[PDB]
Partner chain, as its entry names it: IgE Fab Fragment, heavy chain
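Next up is one chain by itself, shown in structure tokens, the form deposited without the partner chain.
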């Protein structure tokens, strides 16, 4: 349960702009193992809406290539908790951010995928230490991190 790790006092408008998926972790190996694994999503940009929803631009390895993608996570009564409701009720939880270097979030349905986002293509040990604190509380069985060269490539190739 990642609802145990949410950010206090979140200002969503301040997460706007460029991010890099530096590290990813998932409850089930299958969520991240292939390059076409379903939660292997490479964030490009967060765009908070004026009405306070969260647009997420990401890349996804889909049918033999690197696809540009766009979803809208809808605000809730809880500032750190957004909904992507399709066939299933899925949540986006913002765990922690300093707005200007890192952001930790999880996608949750008990199945779960989390990421360490960073503003620039470099290995932020500070950010990764905060990511590992978060995961210590959660039942993850796969963890990936990327190098600065991969971070500057489409779908982290």
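Residue numbers count along the first chain shown, from 1.
Keep in mind the form solved in complex with the partner chain is missing from the figure; the text below concerns it.
Chemist: 54, 127, 94, 43: which sits within 4.5 Å of the partner chain in the deposited complex by any heavy atom?
Modeler: Exactly one residue meets the criterion: 43.
Chemist: With the partner left out of view, is residue 120 within 4.5 angstroms of the partner chain in the deposited complex by any non-hydrogen atom?
Modeler: Result yes; residue 120 sits at the interface with the partner chain in the deposited complex.
Chemist: Do residue 7 and the partner chain come within 4.5 Å of each other in the deposited complex, heavy atoms counted?
Modeler: Contact check for residue 7: no, nothing within 4.5 Å of the partner chain in the deposited complex.
Chemist: If we check the partner chain in the deposited complex, which of the residues in 128-157 reach within 4.5 angstroms of it by a non-hydrogen atom?
Modeler: If the 4.5 Å heavy-atom criterion is applied to the partner chain in the deposited complex, 128-157 yields 149, 151, 152, 153, 157.
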